[PDB]
Amino acid sequence: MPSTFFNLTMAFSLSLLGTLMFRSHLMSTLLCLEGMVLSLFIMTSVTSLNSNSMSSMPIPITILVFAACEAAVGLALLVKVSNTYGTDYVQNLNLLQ
Amino acid sequence: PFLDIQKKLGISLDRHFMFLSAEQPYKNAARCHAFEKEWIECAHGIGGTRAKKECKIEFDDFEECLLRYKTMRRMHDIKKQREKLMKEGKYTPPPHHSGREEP
Amino acid sequence: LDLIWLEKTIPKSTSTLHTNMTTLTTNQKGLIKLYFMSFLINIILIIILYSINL
Amino acid sequence: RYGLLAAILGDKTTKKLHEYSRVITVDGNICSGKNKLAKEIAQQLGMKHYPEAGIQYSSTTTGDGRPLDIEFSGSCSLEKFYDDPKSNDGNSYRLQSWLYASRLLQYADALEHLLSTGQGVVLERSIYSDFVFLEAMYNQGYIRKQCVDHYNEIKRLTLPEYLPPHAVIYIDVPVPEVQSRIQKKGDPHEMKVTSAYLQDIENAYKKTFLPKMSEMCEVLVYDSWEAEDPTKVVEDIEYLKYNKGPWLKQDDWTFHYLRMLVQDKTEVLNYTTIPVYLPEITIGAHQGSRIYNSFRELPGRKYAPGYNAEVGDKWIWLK
Amino acid sequence: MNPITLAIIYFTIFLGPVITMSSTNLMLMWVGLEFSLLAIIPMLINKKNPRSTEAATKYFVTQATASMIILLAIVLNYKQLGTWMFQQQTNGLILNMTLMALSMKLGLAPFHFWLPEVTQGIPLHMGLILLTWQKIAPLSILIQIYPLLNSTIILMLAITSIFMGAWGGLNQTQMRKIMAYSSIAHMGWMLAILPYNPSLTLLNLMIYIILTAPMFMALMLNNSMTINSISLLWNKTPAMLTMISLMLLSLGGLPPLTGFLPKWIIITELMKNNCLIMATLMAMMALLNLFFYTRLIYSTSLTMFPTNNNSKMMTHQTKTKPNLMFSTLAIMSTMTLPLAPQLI
Amino acid sequence: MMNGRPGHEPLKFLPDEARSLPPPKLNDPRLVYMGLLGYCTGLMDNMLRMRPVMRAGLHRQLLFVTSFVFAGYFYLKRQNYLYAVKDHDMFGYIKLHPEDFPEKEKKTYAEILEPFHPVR
Amino acid sequence: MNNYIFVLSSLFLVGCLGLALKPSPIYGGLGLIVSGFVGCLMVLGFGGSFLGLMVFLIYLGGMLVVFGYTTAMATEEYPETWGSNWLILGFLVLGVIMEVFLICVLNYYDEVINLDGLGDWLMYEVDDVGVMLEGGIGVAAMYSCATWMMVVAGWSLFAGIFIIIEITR
Amino acid sequence: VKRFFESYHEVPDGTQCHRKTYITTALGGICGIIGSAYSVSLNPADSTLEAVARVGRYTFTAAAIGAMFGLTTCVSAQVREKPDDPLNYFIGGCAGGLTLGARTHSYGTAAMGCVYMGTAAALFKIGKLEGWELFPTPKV
Ligand SMILES: Nc1ncnc2c1ncn2[C@@H]1O[C@H](COP(=O)(O)OP(=O)(O)O)[C@@H](O)[C@H]1O
């Protein structure tokens, strides 16, 4: 974990760099967004497991349950967008200028 | 917290499980339960501003039960020398490493 | 000195300084990628602001 | 009041609908005899008949109901429309814009009666059949191109929200014929109507109005002879299937919101007052302020309905 | 909306901030933030106009990544202290993350780009909720953790917001976006005093809520999203012209009205704490905010813009009234100043 | 700030300790202001809703002048307590930690020599 | 073997590198699945079975199947852009190698990596003679000890349906 | 990598101008990079090169204002022999204002710039002289 918690953390930052620099398809962000939730879920589960802190295992899952719906909302917005613009491409999302 | 509707109502839906020394299921004590207690019964009645200087012995220890980095260091240091010493042929693992086995 | 020099210097200049500053800060594509990247820059600088003043 | 509370507890439009809960708008030329037909159609099927919406369809609907002074009602003359086409002041466009606002009020009042009572409504000409006058006016020197754009913008902003006419009974006495009818009638001005105007209006009905509402709503065109006989048409209206039409998706929980719109006249025509400053439409601050201080000072208008003592309202000190 | 759905959503949009405030286990504070994100998105697309889908998709991505960053801070803390909550010992970077993240959800400073755009594509009503009942949640989390956050960053985000908000507002003519910009600015003052006297943040918020809620129900009474639209207020409904005038000058800091108190006591507290550098620059550009407020004043009240004949028609019809809240929140806001000592 | 104080009532409006403080005189200028603040709210409402300004809702006018005032007595009653706690807290500390707040001595103006800057 | 966890952790990072470089949406999805499995094995390496396997059930086949599903109807075909998928592949490979040397560099800074201390820390302490100390016993506090954690999540799902249907409508 | 900038303040003003100018030039340049970055992230360019150019322009312009500020203030101090004088800085601030003006090819900007920038720099000197505290810790 000393260096196994640095890989996961950098994974979250590499996923951070991803969600923040868009490119074309919006799905790739959402998908990326999810890459973080996995990294957070893995790190939370890892430390809870090596702290033998069983009282906290509820959290690793609450994180996933909330993250799943969060993503559900995200995809419905995505479907709504390629119903209004025929694509998920972000450039289209420039009307509010 | 910002609106303590919990203390007022007496309910404790969010406090019972905030620290490693809270009730663990089947009373399987956590790790560092020897310290967090010692570091929160110390900082009880003494506010943070003064839970941060005088109750530093118990956090410096609890910062080491969990992180357990000084150990890692000492150990890592030990190995290095053992590596160098083993280079000179000075250190030869004892058969104790492969001795009898205590029940 | 009245009218032009004392109106171009204090009252009018301050009018222009701002007008121009709003024009650059508010001329935004509206595209999300651009905006977001700016969030990236911010995270970077704040990471540093903490780092250097550790 | 009508609101979610009422809707939550019953007060559902769907429960109040029936074979004859429909909107039938009969549209024709300058004189298509459509009023007569509309009246009868409404009676035969037991539906409310809404008179054509004139420059004053709003004062009658609001307050005393007594004809407001011209300047209070937007200073529009159909009379001046005819005697002075392409006028410097543009009374013709102001007449058309007020007319669109009047039918917007009439259509909304009609929808409110339809969803509340459940009774159907015959509205003669509608917001849907107003464009033919403007199309003909632009085809003529009456209105300029931007004037057209301003009406189209108001139409695009407000008309889509309201549900379409269920069916659009139509009469088609030709321009030569109508010109004859008008002349036989005594109106000194109506008679100065350019024949071309009549034709252009007719065209915009056939080239645009009937095909365009035909796919979204049932269309029943009848010639002069057919209309004289409403019964004939009533039959057709009854055999109508109202199969197509955006009306099919109007569930109760959807009607509620539409009702709450028509229930609020101030919104129905909210986009009718959009701040687009074309010169004919602009009242002008000094003239507008005066007309307001004067319209707002009329008895029963200086305060909300129920609170102005002039007309005999009482209990104001506890309302 | 099937009234049932309306209830579930509205309950969530309301359980969302309330769980955040009540709980102490940060995790439970995070899901409170998460529920607010999920509940607001359906309402945002109610018209389902092409502009709306854009609004929600931006609001959601901005909100979601910030939510993930806040969770990372909680996850990291869990390993630097077994506790699920920030403590004196917390690594400084851990807290700074929470500031940036929470300053994105609240939309302060260099993350102020999403708010003006989502405020532009949502209805006036959902605009209010998106501006004022969604700021309570994140601010609660910050106010709780104030003892630990950095004085430097907050100040920078504070000053930046004030500037960005002001400068942005000067150019804007769409009302929804003028308000979005004001909110960025006021939000800035609020976060300036958080490290020093959180109790004043809660005043500079309430007053902002008691000022903005009347201001928006005013904008929608005539549903005018344009200044030109609000300028014809004199014809559509003349009485609100008087209070709209005072509330907007109150939103800016002019002295007789209630709006001065938040700026005055924040400046008094910052000078008490010696930031006479920072406080001075903030107050100065705060004056820029009043310029665009008064420019609107000019169009709506002090000068009468020309109106349209079709307006006479809207006058005829009885104007659906403004709820009572407008009055009670207009007066308590425009003039409570004589009662400042007890407010603070 | 004042939160975290010993004995703090976690969600209470005004702890009974505030009973010791004098009650706000009903005619306290402030409560009277709240009254006027209220009457105006009422009048304003009538105006925005286009009703005779003063002669209408005479029942409402009362609800307003009487709601605001009611609120006042019970609010001021508290804010008065909060301020009173502040002294209890402040004065106490000055003593418990006396050295830090010593009573310095001020010399008579005779002894003190203040530089005289002539105006000329 | 002692590096079993470092390696897995390393591959995870790469997996995430892939998602970041934003390859074609569906291939990116494949990436999240690869990282997903790697991750599951990580949690399954520190002693947690339920938490891990759940990752599989809810997230590997459960959640991303959806992602791939929607990435089937709405994310177009990533058409005329497929070529980059090769460039992205390269940078990924190059980046991986970069990191390879990178961590070697960080390893140099003894002042964590515990190059020698690898396999000495995946686990720290265990109730050697214990019986009911299995990941999961904890996950169940959600029904009894901690229920808040369930009442909150439950509301989420419930409200979720109403929300998604409302957004979708 | 911070012990550096601070050095500017440690040695008395007017002395060791070399260091002063170097430090001031860096700060300006750093700001240049950051400024260009925001300028490129938002209001993007048309081609990679075009933007690289921007970055360069903004960086150099900022580096220049940094240099002249540093050089002018140091030199003025040395020549005027006033080791600590707010004006010295003003001369320098004005100088930066002018530079910026030139790089923007505008006399007017130079006017705006001379007063505003100078005033600002002068205030920095006063700030240091009077021990003004910026971004202070909460001490209530
Ligand atoms: N939008 C409009 N523009 C101009 N004139 C209109 C408009 N709408 C109705 N009119 C006029 O109103 C008059 C009455 O309409 P109609 O009912 O067809 O005549 P009648 O009442 O004699 O049957 C018509 O002569 C027509 O020219």
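Header annotation of the entry names cryo-EM as the structure determination method and lists the resolution as 3.4 Å.

Per the PDB entry, the recorded name for chain D is NADH dehydrogenase [ubiquinone] 1 alpha subcomplex subunit 10, mitochondrial, and the organism is Mus musculus. Recorded in the entry header as its title is "Respiratory complex Membrane domain of CI, focused map of type I, Wild type mouse under thermoneutral temperature". For the record of chain D, the UniProt heading Subcellular location holds the text "Mitochondrion matrix".

As annotated in the PDB entry, chain B carries the name NADH dehydrogenase [ubiquinone] iron-sulfur protein 5 and is attributed to Mus musculus. Quoted verbatim from the Function field of the UniProt record, the comment on chain B reads "Accessory subunit of the mitochondrial membrane respiratory chain NADH dehydrogenase (Complex I), that is believed not to be involved in catalysis. Complex I functions in the transfer of electrons from NADH to the respiratory chain. The immediate electron acceptor for the enzyme is believed to be ubiquinone." Here is the UniProt Sequence similarities comment for chain B, exactly as written: "Belongs to the complex I NDUFS5 subunit family."

Colleague: Honestly, the overall build of chain D in this entry has me stumped. Any pointers?
Modeller: A tally of helices and strands in chain D yields 13 helices and 5 strands. Here the C-alpha radius of gyration of chain D, 20 Å, is about what a compact globule of 319 residues would show, namely 20 Å. Principal-axis analysis of the C-alpha atoms gives chain D an extent of 60 × 50 × 35 Å. Relative to its full complement of 319 residues, chain D shows a buried share of 55%. Within chain D, residue pairs in contact and separated by at least 24 positions form 76% of the contacts whose partners lie at least 6 positions apart. Of the roughly 14200 Å² of accessible surface on chain D, a fraction of 53% belongs to carbon and sulfur atoms.

Colleague: Just to check I follow, could you spell out the interface of chain E and chain B for this structure?
Modeller: Many descriptions give the size of an interface as the accessible area lost when the pieces come together. Each partner contributes to the interface: chain E provides 20 residues, whereas chain B provides 19 residues. Summed over both partners, the interface of chain E with chain B buries about 1900 Å², with 69% contributed by carbon and sulfur atoms. On inspection of chain E and its partner chain B, the count reaches 0 salt bridges. One can count 6 residue pairs in polar contact joining chain E with chain B. Elements with a contribution of two residues or more to the side of chain E that touches chain B: α1 (3–22), α3 (50–80) and α7 (136–145) of chain E. Broken down by class, the residue content of the side of chain E that touches chain B amounts to 8 nonpolar, 11 polar and 1 charged.

Colleague: Quick question: what am I supposed to make of the site of the ligand here?
Modeller: Residue and element names in this part refer to chain D. The full set close to the ligand counts 17 residues, and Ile 30, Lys 34, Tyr 82, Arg 125 and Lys 185 are the nearest of them. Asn 29 has a polar backbone atom sitting 3.3 Å from an oxygen atom of the ligand. Residue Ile 30 places a main-chain N or O atom 2.5 Å away from an oxygen atom belonging to the ligand. Considered on its own, the ligand offers 560 Å² of accessible surface; in the complex 84% of this is hidden by protein. Secondary-structure elements contributing two or more residues to the shell around the ligand are α3 (78–83) and α4 (91–116). Looking at side-chain class alone, the shell around the ligand contains 8 nonpolar, 2 polar and 7 charged residues.

Colleague: Explanation requested: the sheet that holds strand β1 (residues 23–24) of chain D in the structure shown.
Modeller: Strands pair in a sheet through their backbones, by hydrogen bonds, and they do so in one of two ways: parallel or antiparallel. Residue and element names in this part refer to chain D. Reading across the sheet, the 3 strands line up as β1-β3-β2 and stay open at both edges, with parallel pairing between neighbours. Because the sheet does not close on itself, it has two edges, and the strands there are β1 and β2 (48–49). Relative to strand β3 (residues 121–122), β1 is paired through 2 bridges, and the arrangement is parallel. Bridging from a neighbouring strand, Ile 24 pairs with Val 122 of β3.

Colleague: Sorry, what's going on with unusual backbone geometry here?
Modeller: Peptide bonds are mostly trans, and most non-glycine residues show a negative phi. All names here are of chain D. Within the chain, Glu 124 stands out as a residue other than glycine whose phi angle is a positive 50°. If you trace the backbone, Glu 124 turns up in the loop between β3 and α5 (131–139). By relative accessible area, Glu 124 is classed as buried at 2%.

Colleague: How should I be thinking about the pattern of salt bridges in this particular structure?
Modeller: Side-chain pairs of opposite charge can arise where the charged atoms are in close proximity. Taken as a whole and assessed by the stated rule, the structure comprises 26 salt bridges over all chains. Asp 252 of chain D is the partner of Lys 12 of chain D in a salt bridge, and the nearest nitrogen-oxygen pair spans 2.9 Å. Here the residue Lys 12 of chain D occupies a position in the loop between α1 (4–8) and β1, and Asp 252 of chain D occupies one in helix α11 (residues 252–262), the gap between them amounting to 240 residues. Between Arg 5 of chain F and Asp 89 of chain F there is a salt bridge whose closest N-O contact spans 2.6 Å. Taken together, the positions of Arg 5 of chain F in the segment before α1 (29–48) and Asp 89 of chain F in helix α2 (residues 58–96) put the pair 84 residues apart, joining distant regions of the chain. Look at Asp 89 of chain F and you get partly exposed, because its relative accessible area is 27%.

Colleague: Explain the interface of chain G and chain A to me, please; I cannot follow it from the model alone.
Modeller: Contacts between the two partners involve 63 residues from chain G, matched on the other side by 58 residues from chain A. Both faces considered, chain G and chain A share a buried interface measuring about 5100 Å² in area, 78% of it formed by carbon and sulfur atoms. Interface area lost by chain G to chain A is led by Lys 22, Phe 46 and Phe 67 of chain G, which between them contribute 13%. Between chain G and chain A we count 0 salt bridges in total.

Rules behind the numbers
Residues numbered from 1 in each chain as written, not as in the entry; some residues may be left out. Chains lettered and ligands numbered in written order. Part of a larger assembly, values for the part shown. Heavy atoms only, no water. UniProt positions renumbered as here; feature names shortened; annotations may be inferred. Helix = DSSP H or I, 4+ residues; strand = E, 2+ residues; numbered from the N terminus. Rg over C-alpha atoms; globule rule 2.2 N^0.38 Å. Buried < 20%, exposed > 50% of the residue type's maximum accessible area, 1.4 Å probe, protein only. Contact = heavy atoms within 4.5 Å. Areas by Shrake-Rupley, 256 points an atom, 1.4 Å probe, with all protein chains shown as cover. Buried area = accessible area lost by both parts, 1.4 Å probe. Salt bridge = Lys/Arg side-chain N within 4 Å of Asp/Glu carboxyl O. Polar contact = N/O pair within 3.5 Å; in protein donor to acceptor, adjacent residues only side chain to side chain. Nonpolar A, V, L, I, M, F, W, Y, C, P; charged D, E, K, R; others polar. Near = heavy atom within 4 Å. Pairing = 2+ DSSP bridges.

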